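This document starts with two versions of one protein chain, written out as structure tokens and named structure 1 and structure 2.
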Structure 1
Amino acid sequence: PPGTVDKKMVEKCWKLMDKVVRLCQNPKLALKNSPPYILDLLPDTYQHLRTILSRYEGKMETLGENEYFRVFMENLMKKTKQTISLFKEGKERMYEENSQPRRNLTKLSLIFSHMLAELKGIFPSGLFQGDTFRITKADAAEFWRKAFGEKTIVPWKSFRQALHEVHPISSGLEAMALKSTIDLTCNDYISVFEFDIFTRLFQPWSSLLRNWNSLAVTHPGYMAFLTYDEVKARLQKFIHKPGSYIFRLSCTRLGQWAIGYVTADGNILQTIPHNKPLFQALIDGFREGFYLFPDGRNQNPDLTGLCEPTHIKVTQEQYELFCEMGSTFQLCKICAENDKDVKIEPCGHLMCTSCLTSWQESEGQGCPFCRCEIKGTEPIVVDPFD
């Protein structure tokens, strides 16, 4: 895997994508129009795929041999069947908002959003431009070329080992946490589009992982992907506390941050740092007295050490908590399909049985997360009532 793409497969994905549309059109659901919107993202993906097939009408063989497209269509079918099955098992819970199956539909919608953004970035106007994809940051670009050359997409394991040579990765828990941020399409593959977005968010390249640890992993202000209405909702509690701020990612504008803050008048405003790294904007904003309380907390981090040449560490408890951020606690964070049903001793990490088995059968060393020895295992129930 992944195998070549036949026209019979593309017709199969379309039959699947349509089934998801029919399910989400249900008035009993009453989805949110705010991005990501799956009822718009799917027909756009379909309409763009036709554009791709339109340009490769006379040259279909070369399209099926394209490594990126084989991966994309593989993930498209997997993420679509995952959504269809989500409606199947969830049953009545889908209708009640803020339910665990319903929340997973939001996570999947965000991934479908990331997929279309990647497809339009790699196939502009329906033509493959992957090998000539320009990585914005220079220092990040020369790294990719040295390690992967003209490759559009690479396996996570290959990407992890490569990045490890320049920016050290102390443990597998840091690796899994790193993957949760950079692997937008969630297909165990890293593309130039994904790599570009990440290296733009956590610039400079010289202190890449040292920036990501201090801005996302251990920073209360980090909110990942949120809607502006969701930013107003959380900051509304601290509307009587000028200086209260949070920063988020936007699915409609990848690669840049959006900082929400509380004024003295009692308003919630929102700015976008443009040409300076996030920590440089937070430091300056801290001196100005606008960015004072991350998530309303009186303990604001000192990021001034990032400008200096060199030097902080992160607990493994913080890495594990970061992995549980972008989704619900129910989901296994390895496959992001099945729910947890087994606990590993003595590290206490949770997962599903299929992943643990797949890791052991693949001659893996110990726990899939921390790679520590497995003394014993015990089963857990994640959905006790339903």
Structure 2
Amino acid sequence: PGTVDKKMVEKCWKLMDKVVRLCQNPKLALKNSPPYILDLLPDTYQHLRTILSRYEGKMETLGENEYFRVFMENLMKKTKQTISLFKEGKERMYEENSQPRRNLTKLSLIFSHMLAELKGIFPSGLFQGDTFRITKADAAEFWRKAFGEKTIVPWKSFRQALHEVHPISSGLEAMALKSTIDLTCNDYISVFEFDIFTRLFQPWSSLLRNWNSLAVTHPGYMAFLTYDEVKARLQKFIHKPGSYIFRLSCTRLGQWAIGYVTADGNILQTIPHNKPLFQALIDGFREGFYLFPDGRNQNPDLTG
């Protein structure tokens, strides 16, 4: 990427200013629940200001920052995609359950994720990518050993390097993998993104094999969905006790968010604590809570 100059941010802001208003339209009837775009942007803007306030002068040190170059870039691109969706989605936006509208929810998550990432690679507003505290030991090794201090790497690289320890089946399996990890949708994998994945799919020992069993071949795994969407979706099995689906959490990044239907026909959502998703699923199924992955009558045998 090129250099990120003071002007650059200006544009991104103007773009952010619009994306908001568009989403401020009543017809959309957007709910407060996160992800909640109407906030993620203001907050993002806010943080960017904090950052820019601290590099106040040493602006070149920042524009130079590889990761920061990426973000703004991705961000700018992302604000646009949203703008288009509206004009090239026209009145179809206000149509709940309309492809154009689903894309909107998607981006929401990204924005939420992006913010999460940014605040991580810039706690306090001062860059700290090269020293990011990776959570699981094992993983932390692989990353610092494979990429050293790099804060963000081209998908390509990450793939090759990863394949040495964890073999990637096909060119397709990898495309799937990439979609799961690349939370900021920018063909780059950051130490932050890396951490979140490795946390969700631990143990590192069998990283991809777990992923395979919890997302590649498991009907319950739901890519980019939100709390609302999970409830909205499980509603077709609304009173088919056992029916459940899982996804990534929006507020508690790095953790799971099961969505299930209670014997008394109700939709709840739990975030596994003190027990890996692997375990939650095994027990829940045993106790009659995690029986039908997304309606499906049959359930995966994680015991393998």
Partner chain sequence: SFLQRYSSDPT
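Note that the rigid core is defined as the largest set of C-alphas that superpose within 1.5 Å between two forms. Shifts are known only where both forms have a C-alpha. For numbering, take structure 1's sequence and count from 1.
Between the two isolated copies of the chain, the form solved without the partner chain corresponds to structure 1. Considering 173, 153, 235, 122, one residue stands apart with a C-alpha shift of at least 2 Å between structures 1 and 2 following superposition on the core, and it is 235.
In the core-superposed comparison between structures 1 and 2, residue 282 has its Cα shifted by at least 2 Å. Core-superposed comparison between structures 1 and 2: the Cα of residue 300 travels 2 Å or more. With the core held fixed, the Cα of residue 138 is displaced between structures 1 and 2 by less than 2 Å. Relative to the superposed core, residue 269 has its Cα moved 5.1 Å between structures 1 and 2. Core superposition places the C-alpha of residue 246 3.6 Å apart between structures 1 and 2. Relative to the superposed rigid core, residue 190 shifts its CA by 0.3 Å between structures 1 and 2. When the two forms are overlaid on the core, consecutive residue runs of 3+ whose CA positions all differ by 2 Å or more between structures 1 and 2 map to 220-248, 258-278, 280-305.
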